[PDB]
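K.L.:
this one's structure only:
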């Protein structure tokens, strides 16, 4: 029995004066399957687009108009901490135990939640960093200056590092502000890719490690958000004309692969998979389920729309949260084994201290003994039993 | 970096009266890399086309319109056996320890060289079994009635099965005698294929586990011999017009795959990569080396000729064998570990006896003990060494 | 100059008293292992003086009175022979007689065991060089075998063995190593080894001696490898005679064990079930050289039969000198006889027809003894499949039928299920790709049981049981090497659910690459969304992302 | 109808003498494992009567005078608590006291060890039910702890401990298992355990006691997990205090070991090297509780430092009750200091700066003892990488330098090369795909050494070796997790040839997945023809064959 | 939440009726009613479930003081108070 | 049975599932199914 859950975050004042919807609640946590319900709530947060991060211990929420991150402990079910950052937050992602923040000044700050260490790159972006994606070896920051920068995670995270951090590559085929960034889960040199959507009605697929633009796609309206399908077969894109499009990498006319055309050739996409009514609004945020068949979109009028890609062209309304739903993040139905647990967080600080790591060490059975075989064996092990009998006699 | 060897066979009388090559000698074993040298000779045979089988211990050679397979001991240098078969041999192949023989009357025999069983099939073919191919699971027999039949190895080799064996499928789209068969390395029901070559100027690519004809290829002459490249990308084919052609299955326009044509649509190949003079004649046998860069052909006038498909250079004549070269087989430069070695063969006998498999059991370290670790460890293992000290005190 | 490790060796050997040298053996051996250079060089430099002084110290400790000095000498000779090469091999001439003297002296048996291991390694290294053979191995080998056989020789019927059975196991292992390399020299000792190791081939519960499994398998291996010492190249004849005698002993023991039931099995090889007395407990064996030690009791007979089946398994686990004729038909007939005796289900005592002249206690003892016999038969089939590889394809349908019968008879036994899973994996890898619909139908309950075990261990029905591990190793084979067109859709759904909920990455990739067609012929949707979400950066998905390589 | 297994159990327990019951313990254990149903039913049928009679015989044998019957009772109790479930657990309150009584009375130590394992299994299985903790584990547990500490307490200063060190290992393993679950009950005994386990933490050659590795690691784990018993949730404070004390002890021992070498190392944490006396042998340790037992001699100092480094490894190998502050900077500084003292090559002894007054024999001993310290440092780095995973990326650059320096210093020690290969695999899997050109160039000798070892083991320059296995596991990482643009073409050709000659399917698959591009941009030919010819029927190779060609 | 008000009131009343018919246990009815009382948005449903819980306690302790039931319910209320101090759901424990 | 599709096997892996309600036979996110609630897609299961 697998239960799928997702965390939603809203921003702004309530659209309608309804006493049923509580005003103070900014973060909800729901169960999508089998029945929709509001599993838990978190108060006092106004979270803009792409400023929510969810991990099994904590929820990170960047605050609208403030340089603040509210951290909520899911284990204790309450707001653990307020964190004040040097600059205003436009976007943030969580990768492992480090929070990556793209700011309004153009800076990138990486904050280690276990060590309380903050690394602030120089402002290589002359405008606000709009979107940030991350893989365990790379950080991609797309900003409003029509530039996408690729940074090395290991180069950013060095002890006693004094050199000013410089990105490996700059990807600037776009002619407008970058709206969205998404990455493939792969980490190889030639098989990975990233899809970037900008306000020039264009999505570009790059190979960011080689700095080569693999594909160019043009939409009728400028895209707001995207998501890959989990098996990396397709891209789901919301647009400004309230339409949802799907682009398949390996169709009859493939965008990528051996049968694909030249990368200079630009693919026009004009066939919409779905559309929302003007009273609903364009999909502000989009997410894809663990299976990949269900698709959840949050719209600035407060309703959450579920899209069954195989079954139903039209969306199905789950609930109305009376405020602009800005973030939706799914949670994996399976539990993941991690050798450390971040029970408590460490605030960012600038002081001369020895590098300290604060976590609870999980029991992972790294140490094994021969007596553990007798303990965990149902009954007694054979060779140990004849050894015991012989040493008895 | 590697030492490649190949075995060549002779059929027919010597064409030249006076030559340095001995007239009686019928089988040669040469080393192609790094320099050409005749490693060994085997004394008398007249081996037709597709009537040679080479293992790590034996060389089996069918005779010319004579129901004898001459068996030569490769690890002793002599002629071990003169094994008689009930019917004359048109073709023979070796899989594991089973010699699969297609006769002149349409019958298939499986001789287990380690037990002495000689399984015979009913004459499902109506003419001589021209060509045979074998997998670990299936046996394909193509005859002169434009018919290819697929047999299952387990139901062919069942011990007490007295029911008359019947083929699973009949791959019959050809209209002339099947010249050659090749089999893709994969044996899965969805990825396997076999490529035929018949006298109807054509080659058909089949899925021999579903019976679907995946591709039809038209050649300007009817194919004589063929070989898949080691990476299963190209089909080298000799034709009647003394020319060598490549059908590249996954090239600029894939014969198989997502960008392929309709299987009813026929693909015509008209560009030879190689040509031989009327003096040399058409190649009577083809084979491709272990690396795949090197290719050898045999010609009825005695020439063994090397083709470099990589550099597309001129073919180079190695030696003249004074008579027709019908069979060329590369031996793998690397050795495969086999737990049982067939030192001697057992002639087929039809009498009541227990199922006796005879071979030499090779040391493959099928058991383990704590003292074997002490012997094989350079020095003593640590924990056993303190155990020995504690037992001493 | 001399290496620092050699200098430390010389200094510590000079300064340390002989009694505390076993404390310092771990570091001395490490330094001698580091000193591979000066000892390998042929024999004036400081390296030469220190090497000569170290060798003189080793010889003095070996010939010394001190048992601790002898122990340190054995350890350092083992190290020197390991990293010395030809020079140490040819200079080790007094060391062989010293080691045999250590064996003869009343030294501790840990020192004797290390001396035995060192002598075995030394003879194995001597086998390579033919001059070294006739100058070292030929005279000393009768003395070594004589000393070891005097140590392991039974003194009398009333007098038990002074040395323990682990030391007897060490001697058996060493002689097992040495009979292959030296057959003619060990030929005079062949008769006494059989009489010494006779009571450890198939020990029973009537012997009142606990025999270790290592001693059992080493005695079996030595009494099979003793065919190497046959005169006039009689190795094959002795091997065939011994294996046929073992099969006959299994049949005669199975008569006494299966007096309780009347058998519908009819031999295809020639054996006839002779009548057996129905009065008293079953008994067997004797005191002759060609017979195993006697036993009395149904459980003792079951242990004898299991030990004889494992002794048969050791024939396929051990190599042969010459080509030998394996009686596969007789082995199949014996295993068919042993697997046709199905233990009854609950409340089905009248389901199995039996002799009405016996007791309920003997019936209940046989119904408990049967799964062990079937389990030993299954390991024997595993050994036959592993040794023969594709030459056991004629045996495929018989072993499948026996596996199905045994697993359905003893589906509640975890060990029987585990060995059934291992045998099923081997058979399906061998000839499982072309099995008919009837064989797939009779393999379906094993698929369901394996998936149930994997899902039970996964917690979607804790530590991993061996049954769970054996079923998890078999789960990818149900996709790769099974006809998916003959498989019912619920079985495919159970397999895919088991793979996804158990995070079996090979099973999920196998399910993706071997899709299931419906009655329409339309392919089922691929697991791959789950594979990429659970293992995103594995080689399994990196090979499926090969279409973007360029 | 009673089960046949239960009927056989009752009959054989009724008939068998107690002196021969341990010989038939393997029979009885397997039969009780088969007896699943009747033991799990809740508390008249014949099955219930036989179950009650069985429990009566178990209690009678456990409380009887016969030690053999007590041994059989321990085995039967272990089988019962493994099989019969909650009824068997709840009907075991005299069994716990009898098992403690077996430990108290002078029974043989095999029976005592099996009683310890059975009691540990009881106390672990009781944790599923909260109430049974209240009736059973909590009251009877202090008596068990008292008996164990009475067994492993040193009786007198002049008198050595009676029980052997493997029995002390068993007791330490049981208490290590129980301090996690019953910390409050183990709180009064924390003083005795720390005094009893003090010699076994970092034993030296000056202790004149051979301490097993299992006892060492179990004592380390127990003294680390004894922080669970800290009052007022002081577990984290005690953990931090103890690990910082261990680092300080490592530094103080490293002073006396490295007094011969002039160190250019400087401490980021602020530790300053104390002046050391030039005369006399190196010495350290104290008779007090917080220091370890004393040592004398450079070799003893080396073993003390190695044992302390393994204790630091056990810190990351054991779990914690509460979040703790790990001194990563202090550990990194300590490992930097222990890796900066370098062994000289042949003729580099004059190049390495040394103390003038120190002995040259002591210099040679230090150059001998350095690679073991480096081995322990690399193992500690491997443990830190395994515990932290992606949180050790900031440490990754320093561990690369330490590993390269250690391996280039001692490329002639197979154990050091093996540990370097394992650490290289861990680091390159962690942060390897973004290494700079200089780091790829300084990792080239490690690549060459690994390929040389693999080719030597494959014969195309042997048999299986731990170094060969480690290098073979490391080999696909050179393709998957290294920048191919930074590699020279000769290194890539060496890697391809090594993979082909070793027939390493994963390495060849990774090489086919990652093509090589030179400075001009020409694609070097793939090794796919070798891979398809060697492993033709593998499904990943099939996907490569069908995707790379298109 | 989704059901009609009258239907969910009838479901709660039918559950209480089954408890009076002794089909279900008091502990089972209380553990299936109390989380809905805590987390229900409907004021009428909360009041009705609270009234049914009070009636269940009165009927259970009418014969004799059911110490096990009282101790378990007091434990549930204490855990509800201890779990979150800032939460307002402790007023139900206070009112009960 | 439907005729042979030359690009079905690889599109089944490299394209989105076109079957309405995919993975319903897995029942991963749904309730456990009894005999009456089980799936019987093919005529053999329906018949038996």
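P.N.:
Received the coordinates, thanks. Numbering: from 1, shown residues only, chains lettered A, B, ... in the order given.
K.L.:
burial count for the closest residue to chain B within chain F?
P.N.:
Scanning chain F for proximity to chain B using CB to the nearest CB identifies residue F:7 as nearest, at 4.3 Å. The C-beta positions use only the backbone N, C-alpha and C, and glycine is treated the same way. Number of residues near residue F:7 (other CB atoms under 10 Å in any protein chain shown) recorded here: 15.
K.L.:
what does the stretch 101-250 of chain A have sitting close to chain B?
P.N.:
Taking CB under 8 Å from any CB of the partner chain as the criterion, the neighbours of chain B within the stretch 101-250 of chain A are residue A:250.
K.L.:
check chain F too.
P.N.:
By the rule CB under 8 Å from any CB, the part of chain F lying against chain B is F:4, F:6, F:7, F:9, F:10, F:11.
K.L.:
quick one on the thing from earlier: surely the residue of chain F closest to chain B is in contact with residue B:258?
P.N.:
Yes - using CB atoms under 8 Å, residue F:7 and residue B:258 qualify as a contacting pair, with a distance of 4.3 Å.
K.L.:
how about the residue in chain E that sits furthest from its center?
P.N.:
When distances to the mean C-alpha position of chain E are computed (CA atoms, centre = their mean), the maximum falls on residue E:86, with 22.0 Å.
K.L.:
state the three-state secondary structure for residue 20.
P.N.:
No chain specified, so I'll use chain A. Per DSSP: H, G, I helix; E, B strand; the rest coil, the secondary structure class of residue A:20 is coil.
K.L.:
ok, it - how many residues close by?
P.N.:
Using other CB under 10 Å: residue A:20 sits among 7 other residues.
K.L.:
so how far is residue C:144 from residue C:123?
P.N.:
When CB to CB, to the nearest Å is the yardstick, residue C:123 and residue C:144 sit 8 Å from each other.
K.L.:
also residue A:227?
P.N.:
Relative to residue C:144, residue A:227 is positioned 75 Å away (criterion: CB to CB).
K.L.:
for residue 37, what are its contacts?
P.N.:
Because you didn't say which chain, this covers chain A. Listed by CB atoms under 8 Å, 6 or more residues apart in numbering or on different chains, the contact set of residue A:37 reads A:30, A:31, E:1.
K.L.:
chain F, not that one
P.N.:
Going by CB under 8 Å, 6+ apart, residue F:37 touches residue F:31.
K.L.:
how about the strands in the stretch 251-400 of chain C?
P.N.:
Secondary structure of the stretch 251-400 of chain C (DSSP state E, counting those that start in this stretch): strands located at C:283-284, C:295-296, C:324-327.
K.L.:
most tightly surrounded among the ones you listed?
P.N.:
When you average the neighbours per residue for each of these (mean count of other CB atoms under 10 Å in any protein chain shown), strand C:324-327 leads with a mean of 22.
K.L.:
tell me the strands beside that strand, with direction?
P.N.:
Using DSSP bridges, the strands paired with strand C:324-327 in its sheet are strand B:356-361 (antiparallel).
K.L.:
please see if stretch C:227-242 touches chain B.
P.N.:
No - contact between stretch C:227-242 and chain B is absent, the nearest approach being 8.6 Å (criterion: CB under 8 Å from any CB).
K.L.:
and for that stretch, what's in contact with it?
P.N.:
Counting by CB under 8 Å, 6+ apart, the neighbours of stretch C:227-242 from elsewhere in the structure are C:179-180, C:183-184, C:186-187, C:190, C:223-224, C:315, C:320-325, C:327.
K.L.:
how does it look with 6 Å?
P.N.:
Applying CB atoms under 6 Å, 6 or more residues apart in numbering or on different chains, the set of residues contacting stretch C:227-242 from outside is C:179, C:180, C:183, C:186, C:187, C:190, C:321, C:322, C:324, C:325.
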